[PDB]
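A.B. asks: Have a look at this one before I ask anything.
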Amino acid sequence: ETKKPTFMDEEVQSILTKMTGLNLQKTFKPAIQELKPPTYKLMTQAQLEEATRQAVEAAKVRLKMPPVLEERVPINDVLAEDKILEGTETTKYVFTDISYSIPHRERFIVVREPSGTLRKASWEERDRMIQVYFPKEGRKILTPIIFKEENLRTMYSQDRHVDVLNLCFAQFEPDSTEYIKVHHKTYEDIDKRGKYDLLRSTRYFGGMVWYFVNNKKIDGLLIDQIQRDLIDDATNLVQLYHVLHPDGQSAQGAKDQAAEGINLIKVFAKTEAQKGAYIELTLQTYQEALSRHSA
Amino acid sequence: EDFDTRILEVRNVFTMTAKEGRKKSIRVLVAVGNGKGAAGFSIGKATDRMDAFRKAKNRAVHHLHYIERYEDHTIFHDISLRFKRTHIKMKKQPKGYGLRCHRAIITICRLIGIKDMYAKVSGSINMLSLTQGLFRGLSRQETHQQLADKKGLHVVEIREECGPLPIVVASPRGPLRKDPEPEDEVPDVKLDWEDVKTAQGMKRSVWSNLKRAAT
């Protein structure tokens with residue numbers, strides 16, 4: 001009938017790609033790592049514009065948004081219950097199929113319990129076993145302590161939210177419960193302290209917006225976009241909100257009033273926005289400065 | 001007051017005289033510099049050592065070179081020159097590389113203000129020819145602004161740490177050429193077997209890449 005968009009829909013990806021932004025100085029910030037002497041080229045204005053065009057393409061790849069997945073369902077599947085083996089071993093066996101050319105989510109990893117039951121390994125056992133035999137750079141078999149709440153607050157105090165997400169992406173699977181809990185705790189610290197610019201020009205801005213829109217908490221991000229003269233992004237945010245909440249007070253108000261452009265932000269500010277007063281004020285200020293520039 | 005002086009060589013030289021026979025004098029080589037590109041060297045001669053020190057250091061400040069530094073820490077490009085029989089090969093290096101050079105080159109580089117450079121001295125290792133060669137090589141280097149002006153093209157810096165981002169380091173002050181620089185399929189540049197032997201993992205020396213104190 002009428003399906004609501006998904007994160008990977010071309011319409012949503014385009015909206016979130018523009019709201020993210022592309023800043024070549026931030027996207028290609030100098031990395032603190034082993035260095036080599038730089039190379040130099042003599043370029044014409046055309047060769048330089050072409051080299052900058054290629055850098056923009058290389059950045060759009062580096063800003064490719066990771067898909068937002070729902071939490072994985074715990075694995076509870078018994079393959080066999082051999083009761084004759086009950087009490088014959090004290091420790092359980094984990095068997096991992098290490099055949100090279102198999103996707104890791106299709107690898108049979110089973111556990112023989114001391115009770116004699118042959119069961120499929122849990123998602124946590126699976127990711128641990130895959131790391132043992134197919135070690136991925138940046139991933140640890142034991143969970144790093146940086147992900148404890150006490151240690152994440154330290155990273156947040158230093159405005160290292162992007163590092164937290166890079167560490168979480170490297171350690172946890174996108175559908176893991178730890179991956180989702182860490183991302184959500186990071187998105188919430190940004191909303192509470194208004195640190196939305198820390199994720200701009202990164203592949204994590206879209207996932208953050210998706211979280212706010214689905215949780216009906218776009219008031220902070222909408223204010224931040226207006227204070228930065230990003231009304232085009234602020235208008236797309238209210239449009240994305242309507243697309244994902246069609247049967248809402250703001251979406252109807254926009255239909256009844258055929259609102260467009262800045263008017264969408266006013267309609268949203270009155271009906272559904274929690275900080276409706278602070279948005280009108282923030283929006284009013286913008287229109288003034290725009291009139292001063294015009295005059 | 002802004003200049004520091006360093007001794008490079010103290011030598012007892014002797015001449016033969018009719019009356020006094022074997023006569024003893026002191027030949028001193030000193031380098032001076034302020035750490036901000038202005039540096040020079042001078043020879044000092046005297047019967048007493050403290051007089052040679054005074055003459056050398058006071059004279060050197062009247063014979064200062066200005067040495068251009070890339071980002072005020074290294075040279076602008078690799079420098080390979082021969083002065084008489086002393087060969088000096090210098091390589092531009094990134095920050096944190098330090099001064100991995102002949103001890104005399106380390107001393108002179110600190111006076112100039114160079115923090116990161118590799119240098120290899122081959123042939124005759126003579127302190128005066130090494131010092132004179134060093135200052136010649138460093139004085140005759142082309143900066144990026146000079147390269148841009150000479151060729152009327154942008155000088156674009158590519159860093160692996162910064163990925164494919166093109167960093168314009170110098171642009172010509174005059175008009176900008178419209179014709180790309182010819183791309184010779186194979187350059188007719190002379191290569192050093194030492195650099196090629198090293199890049200191929202064939203240079204096996206127990207003395208290379210040894211752990212040393214910060215310089």
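Each chain in the structure tokens gets a letter, A, B and so on, in the order shown; residues start at 1 in every chain, and ligands are counted from 1 in the order they appear.
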At a cut-off of 6 Å, can you tabulate as CSV every residue of chain B near chain A together with its closest atom pair and the distance in Å to one decimal, using only C-alpha atoms and ordering rows by chain then number?

C.D. replies:
residue,atom,partner,partner_atom,distance
B:93,CA,A:37,CA,5.2
B:94,CA,A:37,CA,5.3
B:153,CA,A:44,CA,5.5
B:154,CA,A:43,CA,5.1
B:155,CA,A:42,CA,5.1
B:156,CA,A:41,CA,5.2
B:157,CA,A:40,CA,4.7
B:158,CA,A:39,CA,5.3
B:159,CA,A:38,CA,5.1
B:161,CA,A:31,CA,5.2
B:162,CA,A:30,CA,4.8
B:164,CA,A:55,CA,5.6
B:165,CA,A:55,CA,5.5

A.B. asks: Where in stretch 15-173 of chain B does DSSP assign strand (DSSP E), given as an mmCIF file with N, CA and C atoms, in the first residue's frame?

C.D. replies:
data_model
loop_
_atom_site.group_PDB
_atom_site.id
_atom_site.type_symbol
_atom_site.label_atom_id
_atom_site.label_comp_id
_atom_site.auth_asym_id
_atom_site.auth_seq_id
_atom_site.Cartn_x
_atom_site.Cartn_y
_atom_site.Cartn_z
ATOM 1 N N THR B 15 104.338 25.345 11.316
ATOM 2 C CA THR B 15 105.189 25.833 10.248
ATOM 3 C C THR B 15 106.631 25.773 10.732
ATOM 4 N N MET B 16 107.557 25.709 9.784
ATOM 5 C CA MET B 16 108.978 25.706 10.096
ATOM 6 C C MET B 16 109.553 27.081 9.801
ATOM 7 N N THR B 17 110.247 27.646 10.782
ATOM 8 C CA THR B 17 110.893 28.941 10.647
ATOM 9 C C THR B 17 112.402 28.782 10.753
ATOM 10 N N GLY B 21 112.560 27.293 14.346
ATOM 11 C CA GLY B 21 112.301 25.910 13.984
ATOM 12 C C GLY B 21 110.813 25.632 13.938
ATOM 13 N N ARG B 22 110.418 24.498 14.507
ATOM 14 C CA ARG B 22 109.026 24.060 14.464
ATOM 15 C C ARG B 22 108.178 24.973 15.340
ATOM 16 N N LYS B 23 107.311 25.760 14.710
ATOM 17 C CA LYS B 23 106.465 26.727 15.395
ATOM 18 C C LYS B 23 105.029 26.221 15.432
ATOM 19 N N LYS B 24 104.354 26.452 16.555
ATOM 20 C CA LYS B 24 103.032 25.898 16.814
ATOM 21 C C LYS B 24 101.976 26.994 16.742
ATOM 22 N N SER B 25 100.895 26.717 16.016
ATOM 23 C CA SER B 25 99.755 27.616 15.918
ATOM 24 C C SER B 25 98.476 26.796 16.021
ATOM 25 N N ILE B 26 97.349 27.493 16.139
ATOM 26 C CA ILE B 26 96.039 26.868 16.279
ATOM 27 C C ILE B 26 95.171 27.300 15.106
ATOM 28 N N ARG B 27 94.566 26.329 14.426
ATOM 29 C CA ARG B 27 93.561 26.583 13.399
ATOM 30 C C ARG B 27 92.216 26.097 13.923
ATOM 31 N N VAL B 28 91.237 26.996 13.979
ATOM 32 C CA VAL B 28 89.917 26.696 14.519
ATOM 33 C C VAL B 28 88.867 26.949 13.449
ATOM 34 N N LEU B 29 87.908 26.034 13.347
ATOM 35 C CA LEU B 29 86.713 26.209 12.534
ATOM 36 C C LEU B 29 85.501 26.296 13.451
ATOM 37 N N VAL B 30 84.736 27.379 13.327
ATOM 38 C CA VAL B 30 83.529 27.572 14.118
ATOM 39 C C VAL B 30 82.379 27.930 13.192
ATOM 40 N N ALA B 31 81.171 27.572 13.613
ATOM 41 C CA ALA B 31 79.945 27.938 12.921
ATOM 42 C C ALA B 31 79.070 28.747 13.867
ATOM 43 N N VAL B 32 78.388 29.753 13.323
ATOM 44 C CA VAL B 32 77.481 30.587 14.096
ATOM 45 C C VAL B 32 76.112 30.553 13.435
ATOM 46 N N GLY B 33 75.078 30.739 14.242
ATOM 47 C CA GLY B 33 73.729 30.796 13.723
ATOM 48 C C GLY B 33 72.757 31.188 14.807
ATOM 49 N N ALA B 38 69.674 32.099 9.576
ATOM 50 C CA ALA B 38 70.886 32.891 9.419
ATOM 51 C C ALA B 38 72.036 32.182 10.119
ATOM 52 N N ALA B 39 73.023 31.743 9.342
ATOM 53 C CA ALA B 39 74.146 30.998 9.885
ATOM 54 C C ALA B 39 75.362 31.193 8.994
ATOM 55 N N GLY B 40 76.542 31.053 9.590
ATOM 56 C CA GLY B 40 77.782 31.165 8.846
ATOM 57 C C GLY B 40 78.898 30.465 9.584
ATOM 58 N N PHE B 41 80.050 30.389 8.920
ATOM 59 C CA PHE B 41 81.222 29.733 9.477
ATOM 60 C C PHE B 41 82.461 30.528 9.103
ATOM 61 N N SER B 42 83.508 30.388 9.913
ATOM 62 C CA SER B 42 84.769 31.061 9.640
ATOM 63 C C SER B 42 85.912 30.275 10.260
ATOM 64 N N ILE B 43 87.074 30.355 9.618
ATOM 65 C CA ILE B 43 88.303 29.796 10.166
ATOM 66 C C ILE B 43 88.964 30.832 11.063
ATOM 67 N N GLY B 44 89.584 30.368 12.137
ATOM 68 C CA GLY B 44 90.356 31.227 13.022
ATOM 69 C C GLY B 44 91.768 30.700 13.183
ATOM 70 N N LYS B 45 92.733 31.613 13.164
ATOM 71 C CA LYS B 45 94.141 31.271 13.298
ATOM 72 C C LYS B 45 94.769 32.143 14.374
ATOM 73 N N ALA B 46 95.608 31.535 15.206
ATOM 74 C CA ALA B 46 96.346 32.271 16.224
ATOM 75 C C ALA B 46 97.314 31.316 16.904
ATOM 76 N N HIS B 65 75.232 33.172 5.836
ATOM 77 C CA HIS B 65 74.306 32.760 4.794
ATOM 78 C C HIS B 65 72.896 32.786 5.363
ATOM 79 N N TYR B 66 71.916 32.992 4.493
ATOM 80 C CA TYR B 66 70.528 32.728 4.841
ATOM 81 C C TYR B 66 70.103 31.434 4.168
ATOM 82 N N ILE B 79 69.098 17.328 -1.732
ATOM 83 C CA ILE B 79 70.282 18.040 -2.199
ATOM 84 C C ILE B 79 71.412 17.031 -2.315
ATOM 85 N N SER B 80 71.981 16.915 -3.511
ATOM 86 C CA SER B 80 73.146 16.073 -3.749
ATOM 87 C C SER B 80 74.192 16.909 -4.466
ATOM 88 N N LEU B 81 75.332 17.117 -3.816
ATOM 89 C CA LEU B 81 76.399 17.925 -4.381
ATOM 90 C C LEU B 81 77.742 17.345 -3.970
ATOM 91 N N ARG B 82 78.771 17.718 -4.723
ATOM 92 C CA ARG B 82 80.150 17.418 -4.377
ATOM 93 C C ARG B 82 80.900 18.731 -4.249
ATOM 94 N N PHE B 83 81.667 18.868 -3.174
ATOM 95 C CA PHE B 83 82.540 20.014 -2.965
ATOM 96 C C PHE B 83 83.956 19.470 -2.869
ATOM 97 N N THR B 86 84.545 15.878 -1.290
ATOM 98 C CA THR B 86 83.531 15.512 -0.311
ATOM 99 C C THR B 86 82.160 15.481 -0.978
ATOM 100 N N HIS B 87 81.504 14.326 -0.936
ATOM 101 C CA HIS B 87 80.140 14.180 -1.425
ATOM 102 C C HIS B 87 79.174 14.278 -0.255
ATOM 103 N N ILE B 88 78.120 15.071 -0.424
ATOM 104 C CA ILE B 88 77.066 15.203 0.573
ATOM 105 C C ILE B 88 75.730 14.974 -0.114
ATOM 106 N N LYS B 89 74.978 13.992 0.374
ATOM 107 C CA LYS B 89 73.635 13.704 -0.108
ATOM 108 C C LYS B 89 72.662 13.959 1.031
ATOM 109 N N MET B 90 71.768 14.925 0.842
ATOM 110 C CA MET B 90 70.787 15.308 1.844
ATOM 111 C C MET B 90 69.392 15.011 1.318
ATOM 112 N N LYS B 91 68.507 14.574 2.211
ATOM 113 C CA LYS B 91 67.139 14.230 1.853
ATOM 114 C C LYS B 91 66.160 15.020 2.706
ATOM 115 N N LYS B 92 65.163 15.612 2.052
ATOM 116 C CA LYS B 92 64.056 16.230 2.764
ATOM 117 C C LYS B 92 63.276 15.168 3.529
ATOM 118 N N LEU B 99 67.391 14.774 13.132
ATOM 119 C CA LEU B 99 68.615 15.009 12.370
ATOM 120 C C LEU B 99 69.452 13.737 12.406
ATOM 121 N N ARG B 100 69.363 12.947 11.340
ATOM 122 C CA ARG B 100 70.162 11.734 11.191
ATOM 123 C C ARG B 100 71.254 12.037 10.170
ATOM 124 N N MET B 117 66.144 16.068 8.864
ATOM 125 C CA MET B 117 66.905 15.871 7.642
ATOM 126 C C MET B 117 67.724 14.599 7.778
ATOM 127 N N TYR B 118 67.903 13.911 6.658
ATOM 128 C CA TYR B 118 68.886 12.849 6.534
ATOM 129 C C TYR B 118 70.017 13.329 5.638
ATOM 130 N N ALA B 119 71.249 12.997 6.012
ATOM 131 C CA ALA B 119 72.409 13.325 5.201
ATOM 132 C C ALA B 119 73.401 12.178 5.252
ATOM 133 N N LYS B 120 74.066 11.933 4.127
ATOM 134 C CA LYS B 120 75.130 10.946 4.039
ATOM 135 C C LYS B 120 76.349 11.599 3.409
ATOM 136 N N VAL B 121 77.489 11.487 4.082
ATOM 137 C CA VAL B 121 78.745 12.063 3.620
ATOM 138 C C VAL B 121 79.616 10.931 3.101
ATOM 139 N N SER B 122 80.111 11.085 1.876
ATOM 140 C CA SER B 122 80.950 10.083 1.239
ATOM 141 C C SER B 122 82.155 10.773 0.616
ATOM 142 N N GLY B 123 83.182 9.979 0.333
ATOM 143 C CA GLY B 123 84.420 10.536 -0.171
ATOM 144 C C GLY B 123 85.292 11.057 0.959
ATOM 145 N N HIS B 154 51.181 25.857 -10.619
ATOM 146 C CA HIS B 154 50.977 25.604 -9.202
ATOM 147 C C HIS B 154 51.906 24.495 -8.729
ATOM 148 N N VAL B 155 52.378 24.626 -7.495
ATOM 149 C CA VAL B 155 53.129 23.573 -6.825
ATOM 150 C C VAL B 155 52.168 22.893 -5.861
ATOM 151 N N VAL B 156 51.825 21.643 -6.157
ATOM 152 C CA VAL B 156 50.812 20.897 -5.421
ATOM 153 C C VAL B 156 51.510 19.813 -4.615
ATOM 154 N N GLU B 157 51.207 19.757 -3.322
ATOM 155 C CA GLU B 157 51.813 18.802 -2.407
ATOM 156 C C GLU B 157 50.829 17.674 -2.127
ATOM 157 N N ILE B 158 51.294 16.437 -2.273
ATOM 158 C CA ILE B 158 50.497 15.247 -1.994
ATOM 159 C C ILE B 158 51.094 14.552 -0.779
ATOM 160 N N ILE B 167 47.244 19.794 -1.903
ATOM 161 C CA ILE B 167 47.601 20.943 -1.079
ATOM 162 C C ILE B 167 48.496 21.850 -1.910
ATOM 163 N N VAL B 168 47.956 22.991 -2.334
ATOM 164 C CA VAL B 168 48.748 23.968 -3.071
ATOM 165 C C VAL B 168 49.679 24.674 -2.095
ATOM 166 N N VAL B 169 50.986 24.527 -2.310
ATOM 167 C CA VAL B 169 51.985 25.091 -1.407
ATOM 168 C C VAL B 169 52.517 26.398 -1.977
ATOM 169 N N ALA B 170 52.451 26.551 -3.297
ATOM 170 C CA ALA B 170 52.964 27.744 -3.951
ATOM 171 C C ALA B 170 52.233 27.936 -5.269
#

A.B. asks: Within 12 Å of residue A:221, counting only C-alpha atoms, which residues qualify if same-chain residues fewer than 3 places away don't, as number ranges by chain?

C.D. replies: A: 19-20, 187-188, 190-197, 199-200, 205, 208-213, 216-218, 224-228, 230-231, 233-238, 273, 275, 279

A.B. asks: Could you turn the residues from that selection into a file that holds N, CA and C atoms, as a compact mmCIF listing (two decimals), in the first residue's frame?

C.D. replies:
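For reference, selection.txt as written:
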# COMPACT_ATOMS: atom_id res chain seq x y z
N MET A 19 22.71 16.90 3.89
CA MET A 19 22.74 17.41 5.26
C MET A 19 24.08 17.11 5.92
N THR A 20 24.71 15.99 5.56
CA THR A 20 26.03 15.67 6.10
C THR A 20 27.04 16.74 5.71
N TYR A 187 24.82 9.41 20.22
CA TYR A 187 23.87 10.36 19.64
C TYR A 187 23.20 11.20 20.72
N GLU A 188 22.93 10.60 21.88
CA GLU A 188 22.22 11.32 22.93
C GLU A 188 23.12 12.37 23.58
N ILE A 190 25.38 13.98 22.06
CA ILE A 190 25.46 15.08 21.10
C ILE A 190 24.23 15.96 21.19
N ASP A 191 23.05 15.35 21.30
CA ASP A 191 21.82 16.13 21.39
C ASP A 191 21.77 16.95 22.67
N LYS A 192 22.27 16.39 23.78
CA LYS A 192 22.19 17.11 25.04
C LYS A 192 23.14 18.30 25.08
N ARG A 193 24.29 18.20 24.41
CA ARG A 193 25.30 19.25 24.43
C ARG A 193 25.40 20.01 23.12
N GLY A 194 24.55 19.70 22.14
CA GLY A 194 24.55 20.41 20.88
C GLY A 194 25.87 20.33 20.15
N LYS A 195 26.37 19.11 19.95
CA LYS A 195 27.64 18.86 19.28
C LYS A 195 27.42 18.23 17.91
N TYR A 196 26.41 18.71 17.18
CA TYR A 196 26.08 18.12 15.89
C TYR A 196 27.16 18.39 14.84
N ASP A 197 27.98 19.42 15.04
CA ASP A 197 29.03 19.72 14.07
C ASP A 197 30.19 18.75 14.16
N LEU A 199 30.01 15.63 13.87
CA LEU A 199 29.75 14.53 12.96
C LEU A 199 29.53 14.98 11.53
N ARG A 200 29.51 16.28 11.26
CA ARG A 200 29.37 16.76 9.90
C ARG A 200 30.62 16.42 9.10
N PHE A 205 26.99 11.07 10.39
CA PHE A 205 25.95 12.09 10.55
C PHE A 205 24.59 11.55 10.15
N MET A 208 23.05 9.39 12.72
CA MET A 208 22.59 10.21 13.83
C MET A 208 21.25 10.86 13.52
N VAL A 209 21.09 11.40 12.31
CA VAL A 209 19.82 12.01 11.93
C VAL A 209 18.71 10.96 11.94
N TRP A 210 18.99 9.79 11.36
CA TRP A 210 18.01 8.71 11.36
C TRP A 210 17.53 8.42 12.77
N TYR A 211 18.44 8.45 13.75
CA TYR A 211 18.05 8.21 15.13
C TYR A 211 17.13 9.30 15.65
N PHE A 212 17.46 10.57 15.38
CA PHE A 212 16.65 11.66 15.90
C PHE A 212 15.27 11.69 15.25
N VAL A 213 15.20 11.47 13.93
CA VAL A 213 13.93 11.56 13.23
C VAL A 213 12.98 10.46 13.72
N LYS A 216 11.73 11.30 17.18
CA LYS A 216 11.01 12.57 17.31
C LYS A 216 11.74 13.52 18.25
N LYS A 217 13.03 13.73 17.98
CA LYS A 217 13.85 14.65 18.76
C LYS A 217 14.80 15.41 17.82
N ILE A 218 14.22 16.10 16.85
CA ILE A 218 15.00 16.87 15.88
C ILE A 218 15.09 18.34 16.24
N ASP A 224 20.41 23.96 15.51
CA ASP A 224 21.82 24.07 15.13
C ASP A 224 21.98 24.41 13.66
N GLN A 225 21.11 23.88 12.80
CA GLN A 225 21.22 24.14 11.37
C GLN A 225 20.83 25.57 11.03
N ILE A 226 19.89 26.16 11.77
CA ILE A 226 19.48 27.53 11.51
C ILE A 226 20.55 28.50 12.00
N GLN A 227 21.08 28.26 13.20
CA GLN A 227 22.14 29.11 13.73
C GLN A 227 23.36 29.13 12.82
N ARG A 228 23.52 28.14 11.95
CA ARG A 228 24.65 28.06 11.03
C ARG A 228 24.27 28.44 9.60
N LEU A 230 22.09 27.11 7.63
CA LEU A 230 21.88 25.92 6.81
C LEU A 230 20.39 25.64 6.66
N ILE A 231 19.63 26.65 6.24
CA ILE A 231 18.18 26.50 6.17
C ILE A 231 17.79 25.45 5.14
N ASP A 233 19.32 22.63 4.70
CA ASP A 233 19.36 21.39 5.46
C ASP A 233 18.26 21.35 6.52
N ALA A 234 17.99 22.49 7.16
CA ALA A 234 16.92 22.53 8.16
C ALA A 234 15.57 22.26 7.52
N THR A 235 15.38 22.68 6.27
CA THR A 235 14.12 22.43 5.58
C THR A 235 14.01 20.98 5.15
N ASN A 236 15.12 20.38 4.71
CA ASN A 236 15.10 18.96 4.37
C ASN A 236 14.88 18.11 5.61
N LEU A 237 15.41 18.55 6.76
CA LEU A 237 15.18 17.81 8.00
C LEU A 237 13.69 17.74 8.33
N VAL A 238 12.99 18.87 8.19
CA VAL A 238 11.56 18.87 8.48
C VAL A 238 10.80 18.08 7.41
N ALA A 273 6.95 20.27 17.47
CA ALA A 273 8.21 20.61 18.12
C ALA A 273 7.99 20.82 19.61
N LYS A 275 10.49 22.30 21.56
CA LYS A 275 11.05 23.64 21.74
C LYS A 275 10.55 24.57 20.64
N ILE A 279 12.56 27.77 18.57
CA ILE A 279 12.77 27.66 17.13
C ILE A 279 12.29 28.92 16.42

A.B. asks: Just want the 6 Å neighbourhood of stretch 72-75 of chain B, counted on only C-alpha atoms, with same-chain residues fewer than 4 positions away dropped. Output as an MDAnalysis selection string.

C.D. replies: chainID B and resid 92 114:116

A.B. asks: Rounded to one decimal in Å, what is the spacing between atom CA of residue B:112 and atom CA of residue B:144?

C.D. replies: 19.0 Å

A.B. asks: Measuring atom to atom with only C-alpha atoms, identify which of A:203, A:112, A:293, A:184 is nearest to residue A:83.

C.D. replies: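 Answer, going by the shortest atom-to-atom distance: A:112.
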
A.B. asks: Got a sec: who's within 6 Å of stretch 259-270 of chain A, counting only C-alpha atoms, leaving out chain neighbours fewer than 4 positions off, as a ChimeraX atom specification?

C.D. replies: /A:250,254,276
